[PDB]
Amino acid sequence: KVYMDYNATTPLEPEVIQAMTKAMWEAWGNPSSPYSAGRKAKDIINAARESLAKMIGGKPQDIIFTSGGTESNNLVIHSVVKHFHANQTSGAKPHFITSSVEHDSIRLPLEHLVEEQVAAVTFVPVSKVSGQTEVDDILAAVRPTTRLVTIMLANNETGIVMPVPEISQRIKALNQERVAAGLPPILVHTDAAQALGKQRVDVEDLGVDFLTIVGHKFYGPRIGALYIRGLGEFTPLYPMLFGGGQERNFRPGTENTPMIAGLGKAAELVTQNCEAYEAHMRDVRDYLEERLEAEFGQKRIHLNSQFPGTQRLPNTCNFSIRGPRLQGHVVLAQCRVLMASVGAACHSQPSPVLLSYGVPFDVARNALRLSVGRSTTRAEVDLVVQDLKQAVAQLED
């Protein structure tokens, strides 16, 4: 078997498992306590927070632990609404700007708020030419009531990277004018789930006020975190949860020490090795694309992740094989080596996301998402490409 669904989830690094397993046995105490077991836990959590900050070029004061990317993403949106309501408690609705290709945990909370008449939202389309939301279109959607721009750093289906530094830069410049006109500053969030561990992620270069971190996309456990620039002092955060004071009351509940241990260790590995991970992923992905074009013919392959001049994740190859019988899911069902997907694991009809990218229906119908990882080898690419060869041959008879 060969796994190429790393965008859906990654296995745990053995050092990550070690951190978690040891924490289970040795660090089991309530972190709020002065005994060995609880003091050990507090230390693990403090160290983990430093690691996360280091991974994204931030400070630990700006990181809070969460149950995962879904929570982190929901919390940013929740907080922006609560903040608006608190400013007015002193019927206008807050406005959000986002992209047409966001994860369910950004798109769905925003749809819900529109349905419920709590907020206004602009879903900015991606360019059919660049595959990015144009920064001009984002700036053209601004209203007096706009309070958040949320744009994913990299798309999970295509791998396409969004122009988040430009967005932040242009929003900061706009905000100077807004504040001077009595219009509150617009905050910027990016869902960085798919970028972490695949390319450098640095909050100063990104310029963002919030950033979502998702452990299971970078060989860490199924918990997450949220970066909040100057949490408290510069960026407000209104909690969704109320209880016993943990995470400075931004995210109460007894801390999950083993999960935090794992997340911290997964972050350390990214900090040490990101450049090597990126290099490896790119070599094997590019090699996959070369072998697919040599084996099937350049005329028969649509590279759906390639938009001219647009940066993408090093590990992602979304592509389609031309043929009326070669719908993605049917091709995968005949493969005996390849384990991959046709889109988001959680959506397991063509991908709405690909259609939003302007991929024609005949192509989108045949799309397969292969996403490689740290251990993936060229020999494994060769095995996968032969597997695809036999599967297409099977369906063509």
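Numbers for residues come from their place in the sequence shown, where the first is 1.
The deposited sequence places 10 or more unmodelled residues between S90 and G91. Once the C-alpha B-factors are averaged per stretch, 216-224 and 294-302 rank with 294-302 first.
Here the stretch with the larger average CA B-factor, out of 64-72 and 50-58, is 50-58. Ranking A364, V353, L370, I45 by Cα temperature factor from the entry places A364 first. Looking at the C-alpha B-factors along this chain, the one for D202 belongs to the middle third. In this PDB entry, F234 carries a Cα temperature factor that places it within the highest third of its chain's modelled residues.
Placement of the Cα temperature factor of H83 within the chain: middle third of the modelled residues, per the deposited record.
Ranked against the other modelled residues of its chain, the C-alpha B-factor of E134 as given in the entry falls in the highest third. Sorting the modelled residues of the chain by their CA temperature factor places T9 in the lowest third.
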